[PDB]
Every structure is written in C-alpha cells, then in structure tokens.
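K.L.:
Have a look at the structure that comes next, please.
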Amino acid sequence: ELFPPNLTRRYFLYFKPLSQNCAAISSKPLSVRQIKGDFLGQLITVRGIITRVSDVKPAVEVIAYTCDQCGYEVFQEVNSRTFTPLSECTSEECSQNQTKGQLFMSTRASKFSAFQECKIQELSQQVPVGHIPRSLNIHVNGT
Amino acid sequence: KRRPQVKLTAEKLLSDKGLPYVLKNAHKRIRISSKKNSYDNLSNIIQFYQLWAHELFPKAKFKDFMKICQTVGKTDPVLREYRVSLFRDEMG
DNA sequence: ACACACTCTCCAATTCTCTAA
DNA sequence: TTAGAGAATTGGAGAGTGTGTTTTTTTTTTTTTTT
Ligand SMILES: [Zn+2]
C-alpha cells in the first residue's frame, strides 16, 4: 500500500461497557486488589481514588521524512515506546538511479496524538487489616 | 554477482526523453536581452541546460555531466551519425 | 541480539598503450 | 588521424569479524518523643 491507513484516520473509537441492569464482568466493579493476572487482555471496570495526574504531551503515531536528492517522501509507523529513525532512501526508483540520498525528518506532515498518564488507588475503607494500599497505572489518549 | 553499475550512455541521449527535447524547445526557452547585463544573460543560458541535465541523469555534478558527455560524443559512431544528420537537415 | 567500528577481499570500472587502416 | 584490441591500476561493494550494553556533611520543613 502507498501509505499506512493510520495516517488519514481523523477519528477515535472507544467501547462503553454493558449496563449492569441489562447484565457480565465488565458491568461489575472490581477493587484494585481483585485485578489478578487472569484479566490481562480483557475489558474491565475499576473503582478507586485517583492519586496523581500528568500534564499533556504529544506522542508520535506516523513519522514522515524527505529525501533531498530525488525529492521523494517516505513514512514510518511507531508502536513501541522507542524507535530508530530512518537514514537511507531505500525507494526502488531512487535505488535504480543509484541516488544514495539523505533523509530528513519533518513535523509538518507527521501525525501526533495527545497522551496523558494517571494513577488510581483503592479506597482506604476497603484495605484489609495490616496491608498497604495498592495502585494501578492508567493511560489516556484522544478526546 | 554484485549489482552492475548504472551509467550515462548514448542510448539515453538518443531517446525521445534525451537530446530531441532540447532541439524541440531551446528556441522557446532561452532569451537574451541587451537590456540586461552580460552576467545576467550569461546566467540565463545555463538554467535550461542544468534542469535538462538533472532530468536526464541525476547521478553526478553538472561539470561531470559535461565532461562525461565529451567522451561518448567523440567516440560513438551512431551519435555522430545523428549529428551529421542534423547538419544535413540544415544543408537541406 | 542489536547497533556500531573496523578489517579484509574480489571484481570490474577506468585510463593507458600499441597496432593497423 | 581514427579506432579497437589488450594490459595495468584503482574503488568501493559488500561481506565478515569483533565489540559493548542491564543495574560525612550542609541547609530547611515537618512530625514525634523526650525533658
Ligand atoms: Zn531518494
């Protein structure tokens, strides 16, 4: 494909859990202690108090470059927490002209998305005797 | 084997993309004026040839394009046949 | 194992030289 | 005077090898036990 489809998605998408009065696990709140390792991958609901909130900063989704000699643009998609930027124009037309041009990054055509990180902590009146309260990390994107 | 190298060659020049474009357009491209300086008009002549040279073969520096053209221009018989054909067209 | 620094090797691109038409 | 056949010199493509990385105050705000 010419470019990744993520570059032109102008919208965000979220799920809303089942109503408990129609009800399933997603409708039944869990305290932060009850979130065992079985739940990894599932959609759940959590009840607690927020402890701290970070301020907003951007995060890359698709990065854009420019090749100086052959005047051609290429894209890169980022998912992991880190990445290596490109440094060689591997385009077939650019290669067959033996045009070992240099790539440069551009913000004006890259795609960002807003990011924020928070932390949630169990209610004090639900802590069993002699234990220290536990907490979870929350991530938030989009609107 | 490693990939063979890519070079300028008389086939590119004799292609429709090549030298016929210059003779089809040079009368319309360049324009001298006594109303502008020697440096001005001299700078004007090299624009079209530089852009044409880039469009033909983006490999190398502009001087290298000219000095590469010298060799194949002197050696190749088919190119010389085309050139005597041009000057015969003017003799026609 | 994943980016780097450095070493080694082969092959063909290039120019130089000699010969004859 | 052109050109084409053969020899010598050089470039860098690219393949290979080895390597490195995770990890006693001194000053100042606040809670607590001690005279
Ligand atoms: Zn390029």
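Scheme for the structure tokens: letters A, B, ... for chains in order shown; per-chain residue numbers from 1; ligand numbers from 1 in order shown.
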Counting only C-alpha atoms (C1' of nucleotides) and all ligand atoms, what are the residues, protein, DNA or RNA alike, that approach ligand 1 to within 7 Å? I want them as a VMD selection string.
P.N.:
chain A and resid 67 to 72 89 91 94 99 to 101
K.L.:
Just want the 12 Å neighbourhood of residue 14 of chain C, counted on only C-alpha atoms (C1' of nucleotides), with same-chain residues fewer than 5 positions away dropped. Output as a ChimeraX atom specification.
P.N.:
/D:8-11
K.L.:
Among the residues of segment 32-139 of chain A, find those DSSP assigns to alpha helix (DSSP H) from the backbone and print them as a ChimeraX atom specification.
P.N.:
/A:92-96
K.L.:
Output N, CA, C and O atoms of each residue in that selection to a file, as a CSV table (one decimal), in the first residue's frame.
P.N.:
chain,number,residue,atom,x,y,z
A,92,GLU,N,12.8,2.1,-4.6
A,92,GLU,CA,13.3,1.4,-5.8
A,92,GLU,C,13.8,2.3,-6.9
A,92,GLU,O,14.8,2.1,-7.5
A,93,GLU,N,13.0,3.3,-7.2
A,93,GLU,CA,13.3,4.3,-8.2
A,93,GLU,C,14.6,5.1,-7.8
A,93,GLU,O,15.5,5.3,-8.6
A,94,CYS,N,14.7,5.5,-6.6
A,94,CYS,CA,15.8,6.2,-6.1
A,94,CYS,C,17.1,5.2,-6.1
A,94,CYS,O,18.2,5.7,-6.4
A,95,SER,N,16.9,3.9,-5.8
A,95,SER,CA,18.0,3.0,-5.9
A,95,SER,C,18.5,2.7,-7.3
A,95,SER,O,19.7,2.7,-7.5
A,96,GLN,N,17.5,2.6,-8.2
A,96,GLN,CA,17.9,2.2,-9.6
A,96,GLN,C,18.6,3.4,-10.3
A,96,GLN,O,19.4,3.1,-11.3
K.L.:
Neighbours of residue 4 of chain D within 12 Å (only C-alpha atoms (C1' of nucleotides); same-chain residues fewer than 4 positions away dropped), as a PDB file with C-alpha atoms (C1' of nucleotides), in the first residue's frame?
P.N.:
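Below you can see result-v1.pdb, which holds the result:
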ATOM      1  CA  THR B  75      33.712   8.081 -29.704  1.00  0.00           C
TER       2      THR B  75
ATOM      3  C1'  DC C  18      50.243  -0.485 -29.218  1.00  0.00           C
ATOM      4  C1'  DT C  19      48.788  -1.727 -33.853  1.00  0.00           C
ATOM      5  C1'  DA C  20      46.846  -1.217 -38.375  1.00  0.00           C
ATOM      6  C1'  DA C  21      43.612   1.144 -41.915  1.00  0.00           C
TER       7       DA C  21
END
K.L.:
Distance limit 12 Å, atoms considered: only C-alpha atoms (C1' of nucleotides). Which chain B residues sit that close to chain D? Return them as a list in words.
P.N.:
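So the contacting residues turn out to be residues 1, 2, 3, 4, 5, 74, 75, 76 and 77 of chain B.
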K.L.:
Would you mind exporting N, CA, C and O atoms of the selected residues as a PDB file, in the first residue's frame?
P.N.:
ATOM      1  N   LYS B   1      26.780 -12.372  -8.362  1.00  0.00           N
ATOM      2  CA  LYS B   1      27.471 -11.089  -8.675  1.00  0.00           C
ATOM      3  C   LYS B   1      26.867  -9.918  -7.913  1.00  0.00           C
ATOM      4  O   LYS B   1      25.705  -9.959  -7.508  1.00  0.00           O
ATOM      5  N   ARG B   2      27.669  -8.876  -7.722  1.00  0.00           N
ATOM      6  CA  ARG B   2      27.147  -7.611  -7.237  1.00  0.00           C
ATOM      7  C   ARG B   2      26.344  -6.931  -8.344  1.00  0.00           C
ATOM      8  O   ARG B   2      26.455  -7.274  -9.524  1.00  0.00           O
ATOM      9  N   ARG B   3      25.518  -5.968  -7.951  1.00  0.00           N
ATOM     10  CA  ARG B   3      24.674  -5.286  -8.925  1.00  0.00           C
ATOM     11  C   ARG B   3      25.547  -4.477  -9.887  1.00  0.00           C
ATOM     12  O   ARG B   3      26.434  -3.746  -9.431  1.00  0.00           O
ATOM     13  N   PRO B   4      25.341  -4.565 -11.208  1.00  0.00           N
ATOM     14  CA  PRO B   4      26.165  -3.759 -12.116  1.00  0.00           C
ATOM     15  C   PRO B   4      25.867  -2.274 -11.986  1.00  0.00           C
ATOM     16  O   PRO B   4      24.768  -1.862 -11.608  1.00  0.00           O
ATOM     17  N   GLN B   5      26.874  -1.470 -12.311  1.00  0.00           N
ATOM     18  CA  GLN B   5      26.764  -0.026 -12.182  1.00  0.00           C
ATOM     19  C   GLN B   5      25.900   0.556 -13.297  1.00  0.00           C
ATOM     20  O   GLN B   5      25.767  -0.020 -14.380  1.00  0.00           O
ATOM     21  N   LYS B  74      32.608  12.079 -28.654  1.00  0.00           N
ATOM     22  CA  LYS B  74      33.698  11.899 -29.607  1.00  0.00           C
ATOM     23  C   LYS B  74      33.766  10.475 -30.149  1.00  0.00           C
ATOM     24  O   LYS B  74      34.115  10.286 -31.320  1.00  0.00           O
ATOM     25  N   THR B  75      33.425   9.468 -29.338  1.00  0.00           N
ATOM     26  CA  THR B  75      33.712   8.081 -29.704  1.00  0.00           C
ATOM     27  C   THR B  75      32.592   7.402 -30.499  1.00  0.00           C
ATOM     28  O   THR B  75      32.858   6.819 -31.555  1.00  0.00           O
ATOM     29  N   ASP B  76      31.354   7.459 -30.008  1.00  0.00           N
ATOM     30  CA  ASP B  76      30.276   6.624 -30.542  1.00  0.00           C
ATOM     31  C   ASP B  76      29.965   6.978 -32.003  1.00  0.00           C
ATOM     32  O   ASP B  76      29.735   8.157 -32.307  1.00  0.00           O
ATOM     33  N   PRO B  77      29.936   6.006 -32.934  1.00  0.00           N
ATOM     34  CA  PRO B  77      29.584   6.367 -34.322  1.00  0.00           C
ATOM     35  C   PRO B  77      28.109   6.665 -34.543  1.00  0.00           C
ATOM     36  O   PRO B  77      27.791   7.471 -35.423  1.00  0.00           O
TER      37      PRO B  77
END
K.L.:
Excluding segment 19-30 of chain D and any residue of its chain fewer than 4 positions from it, enumerate the residues within 10 Å of it, using only C-alpha atoms (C1' of nucleotides), and give them as a VMD selection string.
P.N.:
chain C and resid 2 4 to 5
K.L.:
Distance cut-off 10 Å, counting only C-alpha atoms (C1' of nucleotides) - which residues of chain C neighbour chain B? Return them as a PyMOL selection string.
P.N.:
chain C and resi 11-13
K.L.:
Given only C-alpha atoms, how would the per-residue table for chain B near chain A read, listing every residue at most 12 Å away with its closest atom pair and distance in Å to one decimal, sorted by chain and number, as JSON lines?
P.N.:
{"residue": "B:3", "atom": "CA", "partner": "A:96", "partner_atom": "CA", "distance": 10.1}
{"residue": "B:4", "atom": "CA", "partner": "A:96", "partner_atom": "CA", "distance": 10.5}
{"residue": "B:5", "atom": "CA", "partner": "A:98", "partner_atom": "CA", "distance": 8.2}
{"residue": "B:6", "atom": "CA", "partner": "A:98", "partner_atom": "CA", "distance": 7.1}
{"residue": "B:7", "atom": "CA", "partner": "A:97", "partner_atom": "CA", "distance": 9.1}
{"residue": "B:8", "atom": "CA", "partner": "A:97", "partner_atom": "CA", "distance": 10.7}
{"residue": "B:54", "atom": "CA", "partner": "A:70", "partner_atom": "CA", "distance": 10.2}
{"residue": "B:55", "atom": "CA", "partner": "A:70", "partner_atom": "CA", "distance": 10.5}
{"residue": "B:56", "atom": "CA", "partner": "A:97", "partner_atom": "CA", "distance": 10.8}
{"residue": "B:57", "atom": "CA", "partner": "A:97", "partner_atom": "CA", "distance": 8.0}
{"residue": "B:58", "atom": "CA", "partner": "A:97", "partner_atom": "CA", "distance": 7.4}
{"residue": "B:59", "atom": "CA", "partner": "A:99", "partner_atom": "CA", "distance": 6.4}
{"residue": "B:60", "atom": "CA", "partner": "A:99", "partner_atom": "CA", "distance": 9.3}
{"residue": "B:61", "atom": "CA", "partner": "A:69", "partner_atom": "CA", "distance": 11.7}
K.L.:
Just want the 7 Å neighbourhood of segment 141-143 of chain A, counted on only C-alpha atoms (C1' of nucleotides), with same-chain residues fewer than 2 positions away dropped. Output as a count of residues only.
P.N.:
6
